[PDB]
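There is one chain below, alone, in structure tokens, taken in the form deposited in one PDB entry.
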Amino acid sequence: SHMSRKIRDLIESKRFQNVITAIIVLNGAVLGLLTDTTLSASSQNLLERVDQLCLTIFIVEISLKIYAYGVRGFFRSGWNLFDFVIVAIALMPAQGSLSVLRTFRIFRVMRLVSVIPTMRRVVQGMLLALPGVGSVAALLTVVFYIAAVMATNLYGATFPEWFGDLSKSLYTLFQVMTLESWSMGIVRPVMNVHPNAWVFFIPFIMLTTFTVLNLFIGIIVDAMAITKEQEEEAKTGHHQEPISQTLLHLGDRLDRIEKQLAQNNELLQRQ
């Protein structure tokens, strides 16, 4: 239709992208000003109305996108669904979830990631890298669970604040893995009651700092490669062979050309 065509042209324009970006920045700025308790009643009401105006602009934005692209076409993108969920949750009356309150309107600033394409590409690369590290993340989970059960049984009765139950142990083991007061704060006091506690905590530190770094490097390397390959696919329109596949078959390809070259030499020498 003619109506949907001119709306899509407006939506896809750089100025529309800039308008939405400016309103996200403004909404973030007013929410940051609203953290200040010393403000007057009128100053607070003024910022609250600017928050309402920002929200209504986003409702118009999303509605234009659903009309212009269609319900199936809009919800086809995970980025648009994210944008829809962020805006539509603000107008949701009494939600049945295990949450304290929906006071976190500042999560609307996270739309800068979805609206700005350079930021969208960076986050996309990271998200695409996550399934590939699932096994490493599960190994860390297994180590934490085993260690938390052991720490609860070994030290729960003598150090109940740090290890009195499974929740307490998982928390202090996270603290131990981050190396935060692990010795002066946790393990030297524990060793005053349990002298060989270093046998538990030093291998736990060695294994978890290793695994976390492995997980992080795994995500970083993959995200960087995925992003680089997606940019090339976007530039040329052709499918990009992943680098690992190029490196794995590099030897196979070179020797095959060496063979085809030597047989062409064989056909050449005798003519």
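Note that the rigid core is defined as the largest set of C-alphas that superpose within 1.5 Å between two forms. All residue numbers refer to positions in the sequence shown, first residue = 1.
Form deposited in another entry: not shown, discussed below.
- Of the residues listed here (25, 257, 10, 19), only one shifts its CA by 2 angstroms or more between the shown form and the other one after fitting on the rigid core, and it is 257.
- Once the cores line up, the CA of residue 240 ends up 2 angstroms or more apart between the shown form and the other one.
- In a rigid-core overlay of the protein, residue 48 has its C-alpha displaced by under 2 Å between the shown form and the other one.
- With the core held fixed, the Cα of residue 231 is displaced between the shown form and the other one by 2 Å or more.
- Compared with the form shown, the residue 235-residue 17 C-alpha separation decreases in the other entry, the change being 3 Å or greater.
- Look at residue 238 and residue 13: in the other entry their Cα atoms come 3 Å or more closer than in this form.
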